[PDB]
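Novice: Contents are CSV, N, CA, C and O atoms; file name query-v5.csv:
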```csv
chain,number,residue,atom,x,y,z
A,2,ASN,N,27.3,5.0,-18.3
A,2,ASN,CA,27.2,6.4,-18.8
A,2,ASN,C,25.8,7.0,-18.6
A,2,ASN,O,25.6,8.1,-19.1
A,3,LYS,N,25.0,6.4,-17.8
A,3,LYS,CA,23.6,6.9,-17.5
A,3,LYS,C,23.6,7.9,-16.4
A,3,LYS,O,23.0,7.7,-15.3
A,4,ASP,N,24.2,9.1,-16.7
A,4,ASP,CA,24.2,10.2,-15.7
A,4,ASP,C,23.0,11.1,-16.0
A,4,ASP,O,22.1,10.8,-16.8
A,5,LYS,N,23.0,12.3,-15.4
A,5,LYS,CA,22.0,13.2,-15.6
A,5,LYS,C,21.8,13.7,-17.0
A,5,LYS,O,20.7,13.7,-17.6
A,6,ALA,N,23.0,13.9,-17.7
A,6,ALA,CA,23.0,14.4,-19.1
A,6,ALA,C,22.4,13.3,-20.0
A,6,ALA,O,21.7,13.6,-21.0
A,7,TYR,N,22.7,12.0,-19.7
A,7,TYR,CA,22.1,10.9,-20.5
A,7,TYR,C,20.6,11.0,-20.4
A,7,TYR,O,19.9,11.0,-21.5
A,8,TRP,N,20.0,11.0,-19.2
A,8,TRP,CA,18.6,11.0,-19.1
A,8,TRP,C,18.0,12.3,-19.6
A,8,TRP,O,16.9,12.3,-20.2
A,9,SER,N,18.7,13.4,-19.4
A,9,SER,CA,18.2,14.7,-20.0
A,9,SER,C,18.0,14.6,-21.5
A,9,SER,O,17.0,15.1,-22.0
A,10,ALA,N,19.0,14.1,-22.2
A,10,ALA,CA,18.9,13.9,-23.6
A,10,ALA,C,17.7,13.1,-24.1
A,10,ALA,O,17.0,13.4,-25.0
A,11,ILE,N,17.5,12.0,-23.3
A,11,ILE,CA,16.4,11.1,-23.6
A,11,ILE,C,15.1,11.8,-23.4
A,11,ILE,O,14.2,11.8,-24.3
A,12,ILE,N,14.9,12.4,-22.3
A,12,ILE,CA,13.7,13.1,-21.9
A,12,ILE,C,13.4,14.3,-22.9
A,12,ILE,O,12.3,14.4,-23.4
A,13,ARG,N,14.5,15.0,-23.3
A,13,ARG,CA,14.3,16.1,-24.3
A,13,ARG,C,13.8,15.6,-25.6
A,13,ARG,O,13.0,16.2,-26.2
A,14,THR,N,14.3,14.4,-26.0
A,14,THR,CA,13.9,13.8,-27.2
A,14,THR,C,12.4,13.4,-27.2
A,14,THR,O,11.7,13.6,-28.1
A,15,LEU,N,12.0,12.8,-26.0
A,15,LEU,CA,10.6,12.4,-25.9
A,15,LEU,C,9.7,13.6,-25.9
A,15,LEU,O,8.7,13.6,-26.6
A,16,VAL,N,10.1,14.6,-25.2
A,16,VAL,CA,9.2,15.8,-25.1
A,16,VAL,C,9.1,16.5,-26.5
A,16,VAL,O,8.0,16.8,-26.9
A,17,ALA,N,10.2,16.6,-27.2
A,17,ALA,CA,10.2,17.3,-28.5
A,17,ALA,C,9.4,16.5,-29.5
A,17,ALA,O,8.7,17.1,-30.2
A,18,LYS,N,9.5,15.2,-29.4
A,18,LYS,CA,8.7,14.3,-30.3
A,18,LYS,C,7.2,14.5,-30.1
A,18,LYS,O,6.4,14.6,-31.0
A,19,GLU,N,6.8,14.6,-28.8
A,19,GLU,CA,5.4,14.8,-28.4
A,19,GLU,C,4.9,16.2,-28.8
A,19,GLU,O,3.8,16.4,-29.2
A,20,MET,N,5.8,17.2,-28.6
A,20,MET,CA,5.4,18.6,-28.9
A,20,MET,C,5.5,18.9,-30.4
A,20,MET,O,5.1,20.0,-30.8
A,21,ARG,N,6.1,18.0,-31.2
A,21,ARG,CA,6.3,18.2,-32.6
A,21,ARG,C,7.2,19.3,-33.0
A,21,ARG,O,6.9,20.1,-33.9
A,22,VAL,N,8.3,19.5,-32.2
A,22,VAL,CA,9.3,20.5,-32.5
A,22,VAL,C,10.7,19.9,-32.4
A,22,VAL,O,10.8,18.8,-31.9
A,23,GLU,N,11.7,20.6,-32.9
A,23,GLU,CA,13.1,20.1,-32.8
A,23,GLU,C,13.6,20.2,-31.3
A,23,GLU,O,13.3,21.2,-30.6
A,24,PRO,N,14.3,19.2,-30.9
A,24,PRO,CA,14.8,19.2,-29.5
A,24,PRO,C,15.6,20.4,-29.1
A,24,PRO,O,15.6,20.8,-28.0
A,25,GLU,N,16.4,20.9,-30.1
A,25,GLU,CA,17.2,22.1,-29.8
A,25,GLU,C,16.4,23.3,-29.4
A,25,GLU,O,17.0,24.3,-28.8
A,26,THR,N,15.1,23.4,-29.8
A,26,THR,CA,14.3,24.5,-29.5
A,26,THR,C,13.7,24.5,-28.1
A,26,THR,O,13.1,25.4,-27.7
A,27,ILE,N,13.9,23.4,-27.4
A,27,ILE,CA,13.4,23.2,-26.0
A,27,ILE,C,14.5,23.5,-25.0
A,27,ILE,O,15.6,22.9,-25.0
A,28,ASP,N,14.2,24.4,-24.0
A,28,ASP,CA,15.1,24.7,-22.9
A,28,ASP,C,14.9,23.7,-21.8
A,28,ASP,O,13.8,23.6,-21.3
A,29,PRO,N,16.0,22.9,-21.5
A,29,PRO,CA,15.8,21.8,-20.5
A,29,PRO,C,15.6,22.3,-19.1
A,29,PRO,O,15.3,21.5,-18.2
A,30,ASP,N,15.7,23.6,-18.9
A,30,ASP,CA,15.5,24.2,-17.6
A,30,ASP,C,14.2,25.0,-17.5
A,30,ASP,O,13.9,25.6,-16.4
A,31,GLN,N,13.4,25.0,-18.6
A,31,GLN,CA,12.2,25.7,-18.6
A,31,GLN,C,11.0,24.8,-18.1
A,31,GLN,O,11.0,23.6,-18.5
A,32,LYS,N,10.1,25.3,-17.4
A,32,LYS,CA,8.9,24.5,-16.9
A,32,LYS,C,8.2,24.0,-18.2
A,32,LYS,O,7.9,24.7,-19.1
A,33,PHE,N,7.9,22.7,-18.1
A,33,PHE,CA,7.2,22.0,-19.2
A,33,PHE,C,5.9,22.8,-19.7
A,33,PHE,O,5.7,22.9,-20.9
A,34,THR,N,5.1,23.3,-18.7
A,34,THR,CA,3.9,23.9,-19.1
A,34,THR,C,4.1,25.3,-19.8
A,34,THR,O,3.2,25.7,-20.5
A,35,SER,N,5.3,25.9,-19.5
A,35,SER,CA,5.5,27.2,-20.2
A,35,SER,C,5.7,27.1,-21.7
A,35,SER,O,5.7,28.1,-22.4
A,36,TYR,N,5.9,25.8,-22.1
A,36,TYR,CA,5.9,25.6,-23.6
A,36,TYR,C,4.8,24.7,-24.1
A,36,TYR,O,5.0,24.0,-25.1
A,37,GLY,N,3.8,24.6,-23.3
A,37,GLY,CA,2.5,24.0,-23.7
A,37,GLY,C,2.3,22.5,-23.4
A,37,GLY,O,1.3,22.0,-23.8
A,38,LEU,N,3.2,21.9,-22.7
A,38,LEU,CA,3.1,20.5,-22.4
A,38,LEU,C,1.8,20.3,-21.5
A,38,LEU,O,1.6,21.0,-20.5
A,39,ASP,N,1.0,19.3,-21.9
A,39,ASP,CA,-0.2,19.0,-21.2
A,39,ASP,C,-0.2,17.6,-20.6
A,39,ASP,O,0.8,16.9,-20.6
A,40,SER,N,-1.4,17.2,-20.0
A,40,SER,CA,-1.5,15.9,-19.3
A,40,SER,C,-1.4,14.7,-20.2
A,40,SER,O,-0.8,13.7,-19.8
A,41,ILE,N,-1.9,14.8,-21.4
A,41,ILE,CA,-1.8,13.7,-22.4
A,41,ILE,C,-0.3,13.5,-22.7
A,41,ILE,O,0.2,12.3,-22.7
A,42,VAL,N,0.4,14.6,-22.9
A,42,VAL,CA,1.9,14.5,-23.1
A,42,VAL,C,2.6,13.9,-21.9
A,42,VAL,O,3.5,13.1,-22.0
A,43,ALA,N,2.2,14.4,-20.7
A,43,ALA,CA,2.9,13.9,-19.5
A,43,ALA,C,2.7,12.4,-19.3
A,43,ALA,O,3.6,11.7,-19.0
A,44,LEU,N,1.5,11.9,-19.6
A,44,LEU,CA,1.2,10.5,-19.6
A,44,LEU,C,2.1,9.7,-20.7
A,44,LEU,O,2.6,8.7,-20.4
A,45,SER,N,2.2,10.3,-21.9
A,45,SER,CA,3.0,9.7,-22.9
A,45,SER,C,4.5,9.6,-22.5
A,45,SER,O,5.1,8.6,-22.6
A,46,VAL,N,5.0,10.7,-22.0
A,46,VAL,CA,6.4,10.8,-21.6
A,46,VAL,C,6.7,9.9,-20.4
A,46,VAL,O,7.7,9.1,-20.5
A,47,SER,N,5.9,9.9,-19.4
A,47,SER,CA,6.2,9.1,-18.2
A,47,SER,C,6.0,7.6,-18.6
A,47,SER,O,6.8,6.8,-18.1
A,48,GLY,N,5.0,7.3,-19.4
A,48,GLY,CA,4.8,5.9,-19.8
A,48,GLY,C,6.0,5.4,-20.6
A,48,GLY,O,6.4,4.2,-20.5
A,49,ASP,N,6.5,6.2,-21.5
A,49,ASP,CA,7.6,5.8,-22.3
A,49,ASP,C,8.9,5.7,-21.5
A,49,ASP,O,9.7,4.7,-21.7
A,50,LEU,N,9.1,6.5,-20.5
A,50,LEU,CA,10.2,6.4,-19.5
A,50,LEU,C,10.0,5.1,-18.7
A,50,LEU,O,11.0,4.4,-18.4
A,51,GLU,N,8.8,4.6,-18.4
A,51,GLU,CA,8.6,3.3,-17.8
A,51,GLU,C,9.1,2.2,-18.7
A,51,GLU,O,9.8,1.3,-18.2
A,52,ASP,N,8.8,2.3,-20.0
A,52,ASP,CA,9.2,1.3,-20.9
A,52,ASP,C,10.8,1.3,-21.0
A,52,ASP,O,11.3,0.2,-21.1
A,53,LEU,N,11.4,2.4,-20.9
A,53,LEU,CA,12.9,2.5,-21.0
A,53,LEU,C,13.6,2.1,-19.7
A,53,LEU,O,14.7,1.6,-19.8
A,54,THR,N,13.0,2.4,-18.5
A,54,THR,CA,13.7,2.3,-17.3
A,54,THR,C,13.3,1.2,-16.3
A,54,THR,O,14.0,0.9,-15.4
A,55,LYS,N,12.1,0.6,-16.6
A,55,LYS,CA,11.5,-0.4,-15.8
A,55,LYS,C,11.0,0.1,-14.4
A,55,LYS,O,10.6,-0.6,-13.6
A,56,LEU,N,11.1,1.5,-14.3
A,56,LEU,CA,10.5,2.1,-13.1
A,56,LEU,C,9.1,2.3,-13.2
A,56,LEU,O,8.5,2.5,-14.3
A,57,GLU,N,8.4,2.4,-12.1
A,57,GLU,CA,7.0,2.9,-12.1
A,57,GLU,C,7.1,4.4,-11.9
A,57,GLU,O,7.7,4.9,-11.0
A,58,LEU,N,6.5,5.2,-12.8
A,58,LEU,CA,6.6,6.6,-12.9
A,58,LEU,C,5.2,7.2,-13.2
A,58,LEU,O,4.7,7.1,-14.3
A,59,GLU,N,4.7,8.0,-12.2
A,59,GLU,CA,3.4,8.7,-12.4
A,59,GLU,C,3.6,9.9,-13.3
A,59,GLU,O,4.6,10.6,-13.2
A,60,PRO,N,2.5,10.2,-14.0
A,60,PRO,CA,2.6,11.4,-14.9
A,60,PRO,C,2.8,12.7,-14.1
A,60,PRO,O,3.3,13.7,-14.6
A,61,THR,N,2.3,12.7,-12.8
A,61,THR,CA,2.5,13.8,-11.9
A,61,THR,C,4.0,14.1,-11.6
A,61,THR,O,4.3,15.1,-11.0
A,62,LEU,N,4.9,13.2,-11.9
A,62,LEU,CA,6.3,13.5,-11.7
A,62,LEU,C,6.7,14.7,-12.6
A,62,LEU,O,7.6,15.4,-12.2
A,63,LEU,N,6.0,14.9,-13.7
A,63,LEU,CA,6.3,16.1,-14.5
A,63,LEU,C,5.8,17.4,-13.9
A,63,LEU,O,6.1,18.5,-14.3
A,64,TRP,N,4.9,17.3,-12.8
A,64,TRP,CA,4.5,18.4,-12.0
A,64,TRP,C,5.6,18.6,-10.9
A,64,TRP,O,6.0,19.7,-10.6
A,65,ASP,N,5.9,17.5,-10.2
A,65,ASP,CA,6.9,17.5,-9.1
A,65,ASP,C,8.3,17.9,-9.5
A,65,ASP,O,9.0,18.5,-8.7
A,66,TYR,N,8.7,17.5,-10.7
A,66,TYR,CA,10.0,17.8,-11.3
A,66,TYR,C,9.7,18.4,-12.6
A,66,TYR,O,9.7,17.7,-13.7
A,67,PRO,N,9.5,19.7,-12.6
A,67,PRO,CA,8.7,20.3,-13.8
A,67,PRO,C,9.6,20.8,-14.9
A,67,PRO,O,9.1,21.7,-15.7
A,68,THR,N,10.8,20.3,-15.1
A,68,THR,CA,11.6,20.6,-16.2
A,68,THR,C,12.3,19.3,-16.7
A,68,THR,O,12.4,18.4,-15.9
A,69,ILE,N,12.8,19.3,-17.9
A,69,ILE,CA,13.6,18.2,-18.4
A,69,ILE,C,14.7,17.8,-17.4
A,69,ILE,O,14.9,16.6,-17.1
A,70,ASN,N,15.5,18.8,-17.0
A,70,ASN,CA,16.6,18.6,-16.2
A,70,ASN,C,16.2,18.1,-14.8
A,70,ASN,O,16.9,17.3,-14.1
A,71,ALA,N,15.1,18.6,-14.2
A,71,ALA,CA,14.7,18.2,-12.9
A,71,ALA,C,14.2,16.8,-12.9
A,71,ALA,O,14.5,16.0,-12.0
A,72,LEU,N,13.5,16.4,-14.0
A,72,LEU,CA,13.1,15.0,-14.2
A,72,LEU,C,14.3,14.1,-14.4
A,72,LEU,O,14.3,13.0,-13.8
A,73,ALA,N,15.3,14.5,-15.1
A,73,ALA,CA,16.5,13.7,-15.3
A,73,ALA,C,17.2,13.5,-14.0
A,73,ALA,O,17.6,12.4,-13.7
A,74,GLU,N,17.3,14.5,-13.2
A,74,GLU,CA,17.9,14.4,-11.8
A,74,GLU,C,17.1,13.3,-11.0
A,74,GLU,O,17.8,12.5,-10.3
A,75,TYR,N,15.8,13.4,-11.1
A,75,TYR,CA,15.0,12.4,-10.4
A,75,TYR,C,15.3,11.0,-10.8
A,75,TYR,O,15.5,10.1,-10.0
A,76,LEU,N,15.4,10.7,-12.2
A,76,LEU,CA,15.6,9.4,-12.7
A,76,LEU,C,17.0,8.9,-12.2
A,76,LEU,O,17.1,7.7,-11.8
A,77,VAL,N,18.0,9.7,-12.2
A,77,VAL,CA,19.3,9.3,-11.7
A,77,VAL,C,19.2,8.9,-10.3
A,77,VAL,O,19.8,7.8,-9.9
A,78,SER,N,18.5,9.6,-9.5
A,78,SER,CA,18.3,9.3,-8.1
A,78,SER,C,17.6,8.0,-7.9
A,78,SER,O,18.0,7.2,-7.0
A,79,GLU,N,16.6,7.7,-8.7
A,79,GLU,CA,15.8,6.5,-8.6
A,79,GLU,C,16.6,5.3,-9.0
A,79,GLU,O,16.4,4.2,-8.5
A,80,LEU,N,17.5,5.4,-9.9
A,80,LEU,CA,18.3,4.3,-10.5
A,80,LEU,C,19.6,4.1,-9.8
A,80,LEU,O,20.3,3.1,-10.1
A,81,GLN,N,20.0,5.0,-9.0
A,81,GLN,CA,21.3,4.9,-8.3
A,81,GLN,C,21.2,4.0,-7.1
A,81,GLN,O,20.6,2.9,-7.2
```
In structure tokens, what does this structure look like?
Specialist:
Amino acid sequence: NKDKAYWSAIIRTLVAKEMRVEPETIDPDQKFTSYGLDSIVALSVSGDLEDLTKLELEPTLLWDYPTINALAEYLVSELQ
């Protein structure tokens, strides 16, 4: 069941917890930086995703794939 929607829900949860807001308030297609996400948060989120996926994931992936859904798409690709 680990499709794009699965990873999108996980990433949204991680981002919302770091930003201290409810996940429903975050648009998964909006650029991370347009709602204030910074480098400390990018490191937190990518590191947590490493813990969950066993992948090596640089914090700059949140620049390269700059929305929740874009990052989810990347994870699916890496794990397929």
Novice: My list of candidates is A:16, A:62, A:11, A:77. Which is closest to residue 45 in chain A when distances are computed with only C-alpha atoms?
Specialist: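 Comparing A:16, A:62, A:11, A:77 against residue 45 in chain A, the winner is A:16.
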Novice: May I ask for the distance between CA of residue 60 in chain A and CA of residue 44 in chain A, given in Å to one decimal place?
Specialist: 5.0 Å
Novice: Can you tell me how far atom N of residue 23 in chain A sits from CA of residue 76 in chain A, in Å to one decimal?
Specialist: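 CA of residue 76 in chain A lies 23.4 Å from atom N of residue 23 in chain A.
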Novice: For the structure I just gave you, how does DSSP split chain A - specifically, which residues are helix (DSSP H, G or I)? Reply as a compact mmCIF listing (two decimals) with N, CA, C and O atoms, in the frame of the given file.
Specialist:
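That gives us out.txt:
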```
# COMPACT_ATOMS: atom_id res chain seq x y z
N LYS A 5 23.00 12.30 -15.40
CA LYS A 5 22.00 13.20 -15.60
C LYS A 5 21.80 13.70 -17.00
O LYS A 5 20.70 13.70 -17.60
N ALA A 6 23.00 13.90 -17.70
CA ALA A 6 23.00 14.40 -19.10
C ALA A 6 22.40 13.30 -20.00
O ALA A 6 21.70 13.60 -21.00
N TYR A 7 22.70 12.00 -19.70
CA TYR A 7 22.10 10.90 -20.50
C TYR A 7 20.60 11.00 -20.40
O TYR A 7 19.90 11.00 -21.50
N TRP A 8 20.00 11.00 -19.20
CA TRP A 8 18.60 11.00 -19.10
C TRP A 8 18.00 12.30 -19.60
O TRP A 8 16.90 12.30 -20.20
N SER A 9 18.70 13.40 -19.40
CA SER A 9 18.20 14.70 -20.00
C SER A 9 18.00 14.60 -21.50
O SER A 9 17.00 15.10 -22.00
N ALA A 10 19.00 14.10 -22.20
CA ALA A 10 18.90 13.90 -23.60
C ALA A 10 17.70 13.10 -24.10
O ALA A 10 17.00 13.40 -25.00
N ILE A 11 17.50 12.00 -23.30
CA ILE A 11 16.40 11.10 -23.60
C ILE A 11 15.10 11.80 -23.40
O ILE A 11 14.20 11.80 -24.30
N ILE A 12 14.90 12.40 -22.30
CA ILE A 12 13.70 13.10 -21.90
C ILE A 12 13.40 14.30 -22.90
O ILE A 12 12.30 14.40 -23.40
N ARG A 13 14.50 15.00 -23.30
CA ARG A 13 14.30 16.10 -24.30
C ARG A 13 13.80 15.60 -25.60
O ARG A 13 13.00 16.20 -26.20
N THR A 14 14.30 14.40 -26.00
CA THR A 14 13.90 13.80 -27.20
C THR A 14 12.40 13.40 -27.20
O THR A 14 11.70 13.60 -28.10
N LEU A 15 12.00 12.80 -26.00
CA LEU A 15 10.60 12.40 -25.90
C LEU A 15 9.70 13.60 -25.90
O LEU A 15 8.70 13.60 -26.60
N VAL A 16 10.10 14.60 -25.20
CA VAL A 16 9.20 15.80 -25.10
C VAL A 16 9.10 16.50 -26.50
O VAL A 16 8.00 16.80 -26.90
N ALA A 17 10.20 16.60 -27.20
CA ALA A 17 10.20 17.30 -28.50
C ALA A 17 9.40 16.50 -29.50
O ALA A 17 8.70 17.10 -30.20
N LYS A 18 9.50 15.20 -29.40
CA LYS A 18 8.70 14.30 -30.30
C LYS A 18 7.20 14.50 -30.10
O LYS A 18 6.40 14.60 -31.00
N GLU A 19 6.80 14.60 -28.80
CA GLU A 19 5.40 14.80 -28.40
C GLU A 19 4.90 16.20 -28.80
O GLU A 19 3.80 16.40 -29.20
N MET A 20 5.80 17.20 -28.60
CA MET A 20 5.40 18.60 -28.90
C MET A 20 5.50 18.90 -30.40
O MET A 20 5.10 20.00 -30.80
N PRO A 24 14.30 19.20 -30.90
CA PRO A 24 14.80 19.20 -29.50
C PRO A 24 15.60 20.40 -29.10
O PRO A 24 15.60 20.80 -28.00
N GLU A 25 16.40 20.90 -30.10
CA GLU A 25 17.20 22.10 -29.80
C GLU A 25 16.40 23.30 -29.40
O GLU A 25 17.00 24.30 -28.80
N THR A 26 15.10 23.40 -29.80
CA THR A 26 14.30 24.50 -29.50
C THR A 26 13.70 24.50 -28.10
O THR A 26 13.10 25.40 -27.70
N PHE A 33 7.90 22.70 -18.10
CA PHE A 33 7.20 22.00 -19.20
C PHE A 33 5.90 22.80 -19.70
O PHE A 33 5.70 22.90 -20.90
N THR A 34 5.10 23.30 -18.70
CA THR A 34 3.90 23.90 -19.10
C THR A 34 4.10 25.30 -19.80
O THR A 34 3.20 25.70 -20.50
N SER A 35 5.30 25.90 -19.50
CA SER A 35 5.50 27.20 -20.20
C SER A 35 5.70 27.10 -21.70
O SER A 35 5.70 28.10 -22.40
N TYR A 36 5.90 25.80 -22.10
CA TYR A 36 5.90 25.60 -23.60
C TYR A 36 4.80 24.70 -24.10
O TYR A 36 5.00 24.00 -25.10
N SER A 40 -1.40 17.20 -20.00
CA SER A 40 -1.50 15.90 -19.30
C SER A 40 -1.40 14.70 -20.20
O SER A 40 -0.80 13.70 -19.80
N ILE A 41 -1.90 14.80 -21.40
CA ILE A 41 -1.80 13.70 -22.40
C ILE A 41 -0.30 13.50 -22.70
O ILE A 41 0.20 12.30 -22.70
N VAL A 42 0.40 14.60 -22.90
CA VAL A 42 1.90 14.50 -23.10
C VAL A 42 2.60 13.90 -21.90
O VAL A 42 3.50 13.10 -22.00
N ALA A 43 2.20 14.40 -20.70
CA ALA A 43 2.90 13.90 -19.50
C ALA A 43 2.70 12.40 -19.30
O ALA A 43 3.60 11.70 -19.00
N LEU A 44 1.50 11.90 -19.60
CA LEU A 44 1.20 10.50 -19.60
C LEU A 44 2.10 9.70 -20.70
O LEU A 44 2.60 8.70 -20.40
N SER A 45 2.20 10.30 -21.90
CA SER A 45 3.00 9.70 -22.90
C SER A 45 4.50 9.60 -22.50
O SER A 45 5.10 8.60 -22.60
N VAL A 46 5.00 10.70 -22.00
CA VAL A 46 6.40 10.80 -21.60
C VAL A 46 6.70 9.90 -20.40
O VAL A 46 7.70 9.10 -20.50
N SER A 47 5.90 9.90 -19.40
CA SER A 47 6.20 9.10 -18.20
C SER A 47 6.00 7.60 -18.60
O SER A 47 6.80 6.80 -18.10
N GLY A 48 5.00 7.30 -19.40
CA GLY A 48 4.80 5.90 -19.80
C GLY A 48 6.00 5.40 -20.60
O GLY A 48 6.40 4.20 -20.50
N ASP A 49 6.50 6.20 -21.50
CA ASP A 49 7.60 5.80 -22.30
C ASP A 49 8.90 5.70 -21.50
O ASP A 49 9.70 4.70 -21.70
N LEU A 50 9.10 6.50 -20.50
CA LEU A 50 10.20 6.40 -19.50
C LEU A 50 10.00 5.10 -18.70
O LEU A 50 11.00 4.40 -18.40
N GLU A 51 8.80 4.60 -18.40
CA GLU A 51 8.60 3.30 -17.80
C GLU A 51 9.10 2.20 -18.70
O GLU A 51 9.80 1.30 -18.20
N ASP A 52 8.80 2.30 -20.00
CA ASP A 52 9.20 1.30 -20.90
C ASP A 52 10.80 1.30 -21.00
O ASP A 52 11.30 0.20 -21.10
N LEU A 53 11.40 2.40 -20.90
CA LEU A 53 12.90 2.50 -21.00
C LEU A 53 13.60 2.10 -19.70
O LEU A 53 14.70 1.60 -19.80
N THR A 54 13.00 2.40 -18.50
CA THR A 54 13.70 2.30 -17.30
C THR A 54 13.30 1.20 -16.30
O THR A 54 14.00 0.90 -15.40
N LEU A 62 4.90 13.20 -11.90
CA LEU A 62 6.30 13.50 -11.70
C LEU A 62 6.70 14.70 -12.60
O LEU A 62 7.60 15.40 -12.20
N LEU A 63 6.00 14.90 -13.70
CA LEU A 63 6.30 16.10 -14.50
C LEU A 63 5.80 17.40 -13.90
O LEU A 63 6.10 18.50 -14.30
N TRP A 64 4.90 17.30 -12.80
CA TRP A 64 4.50 18.40 -12.00
C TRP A 64 5.60 18.60 -10.90
O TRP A 64 6.00 19.70 -10.60
N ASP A 65 5.90 17.50 -10.20
CA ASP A 65 6.90 17.50 -9.10
C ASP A 65 8.30 17.90 -9.50
O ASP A 65 9.00 18.50 -8.70
N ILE A 69 12.80 19.30 -17.90
CA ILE A 69 13.60 18.20 -18.40
C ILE A 69 14.70 17.80 -17.40
O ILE A 69 14.90 16.60 -17.10
N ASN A 70 15.50 18.80 -17.00
CA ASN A 70 16.60 18.60 -16.20
C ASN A 70 16.20 18.10 -14.80
O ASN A 70 16.90 17.30 -14.10
N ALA A 71 15.10 18.60 -14.20
CA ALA A 71 14.70 18.20 -12.90
C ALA A 71 14.20 16.80 -12.90
O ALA A 71 14.50 16.00 -12.00
N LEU A 72 13.50 16.40 -14.00
CA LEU A 72 13.10 15.00 -14.20
C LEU A 72 14.30 14.10 -14.40
O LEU A 72 14.30 13.00 -13.80
N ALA A 73 15.30 14.50 -15.10
CA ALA A 73 16.50 13.70 -15.30
C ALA A 73 17.20 13.50 -14.00
O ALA A 73 17.60 12.40 -13.70
N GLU A 74 17.30 14.50 -13.20
CA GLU A 74 17.90 14.40 -11.80
C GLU A 74 17.10 13.30 -11.00
O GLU A 74 17.80 12.50 -10.30
N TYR A 75 15.80 13.40 -11.10
CA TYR A 75 15.00 12.40 -10.40
C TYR A 75 15.30 11.00 -10.80
O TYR A 75 15.50 10.10 -10.00
N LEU A 76 15.40 10.70 -12.20
CA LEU A 76 15.60 9.40 -12.70
C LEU A 76 17.00 8.90 -12.20
O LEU A 76 17.10 7.70 -11.80
N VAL A 77 18.00 9.70 -12.20
CA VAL A 77 19.30 9.30 -11.70
C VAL A 77 19.20 8.90 -10.30
O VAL A 77 19.80 7.80 -9.90
N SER A 78 18.50 9.60 -9.50
CA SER A 78 18.30 9.30 -8.10
C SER A 78 17.60 8.00 -7.90
O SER A 78 18.00 7.20 -7.00
N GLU A 79 16.60 7.70 -8.70
CA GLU A 79 15.80 6.50 -8.60
C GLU A 79 16.60 5.30 -9.00
O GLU A 79 16.40 4.20 -8.50
N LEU A 80 17.50 5.40 -9.90
CA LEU A 80 18.30 4.30 -10.50
C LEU A 80 19.60 4.10 -9.80
O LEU A 80 20.30 3.10 -10.10
```
Novice: At what distance in Å, to one decimal, does CA of residue 2 in chain A lie from atom N of residue 64 in chain A?
Specialist: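 Pair atom N of residue 64 in chain A / CA of residue 2 in chain A returns 25.5 Å.
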Novice: With only C-alpha atoms as the atoms that count, which of A:27, A:73, A:63, A:53 lies nearest to residue 39 in chain A?
Specialist: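 Smallest distance to residue 39 in chain A is found for A:63.
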Novice: Hey, which bits of range 51-79 of chain A sit within 8 Å of range 30-35 of chain A, and for each residue what's the closest pair of atoms and how far apart in Å (one decimal), counting all atoms listed in the file, rows by chain and increasing number, as JSON lines?
Specialist:
```
{"residue": "A:63", "atom": "O", "partner": "A:33", "partner_atom": "N", "distance": 5.9}
{"residue": "A:66", "atom": "O", "partner": "A:33", "partner_atom": "N", "distance": 6.9}
{"residue": "A:67", "atom": "O", "partner": "A:33", "partner_atom": "N", "distance": 2.9}
{"residue": "A:68", "atom": "CA", "partner": "A:31", "partner_atom": "O", "distance": 3.8}
{"residue": "A:69", "atom": "N", "partner": "A:31", "partner_atom": "O", "distance": 4.7}
{"residue": "A:70", "atom": "N", "partner": "A:30", "partner_atom": "N", "distance": 5.2}
{"residue": "A:71", "atom": "N", "partner": "A:30", "partner_atom": "CA", "distance": 6.6}
```
Novice: May I ask which of the residues A:47, A:81, A:40, A:26 is the closest one to residue 3 in chain A, counting all atoms listed in the file?
Specialist: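 Using all atoms listed in the file, residue 3 in chain A sits closest to A:81.
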Novice: Can you work out which one of A:18, A:58, A:29, A:65 has the shortest atom-to-atom distance to residue 42 in chain A, counting only C-alpha atoms?
Specialist: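 Of the candidates, the smallest distance to residue 42 in chain A is held by A:18.
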